[PDB]
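In the block that follows, a single chain appears as structure tokens, in the form deposited without riboflavin (RBF).
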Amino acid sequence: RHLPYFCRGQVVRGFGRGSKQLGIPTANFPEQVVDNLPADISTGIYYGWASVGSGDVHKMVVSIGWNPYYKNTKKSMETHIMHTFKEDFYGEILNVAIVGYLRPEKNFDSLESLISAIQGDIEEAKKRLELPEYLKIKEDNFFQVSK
């Protein structure tokens, strides 16, 4: 309904143990960004395009979830980019275009099932983003402003 959704924000650290531990780093935005998401934004896994600062546009998956820790029902958002970066990019601006929904949130009974699920989400996202209707979003002026 509110896709494609375009947003930008400073990349900020999270809490607990980072998903770098799984080889699947997930970048966070400040609360301000997540708070401006429409409500028709469901929790779950989405896919789209991302660039960092003035960099090239790459495929990405975004997880939108509920935040346990803030008062009121606040959400969380974290983006894994399907690109190998040589350096972290904290403080840089992440530009995202969320283009499609993959699945609702699910409960997993082990890290093995979780990690397999995440990997499968990434492979599915890669395939779907080849569809001409989504492939074109890579070229949106949204991403050209940041270069």
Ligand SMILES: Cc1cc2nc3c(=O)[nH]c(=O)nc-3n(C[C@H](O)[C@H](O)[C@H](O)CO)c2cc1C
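Quick note: we count residues from 1 along the sequence shown, nothing fancier.
Below: the form solved in complex with riboflavin (RBF), not depicted.
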- Using a 4.5 Å heavy atom cut-off, state whether residue 78 contacts riboflavin (RBF) in the entry with it bound. yes
- Query: Using 4.5 Å between non-hydrogen atoms, is residue 105 touching riboflavin (RBF) in the entry with it bound?
  - Reply: yes
- Message: Please tell me whether any heavy atom belonging to residue 45 falls inside 4.5 Å of a heavy atom of riboflavin (RBF), as the geometry stands in the entry with it bound.
- Response: yes
- Query: Is there a non-hydrogen atom of residue 31 within 4.5 angstroms of a non-hydrogen atom of riboflavin (RBF) in the entry with it bound?
  - Reply: no
- Stretch 8-30 - residues with a heavy atom within 4.5 Å of riboflavin (RBF) in the entry with it bound: 19, 26
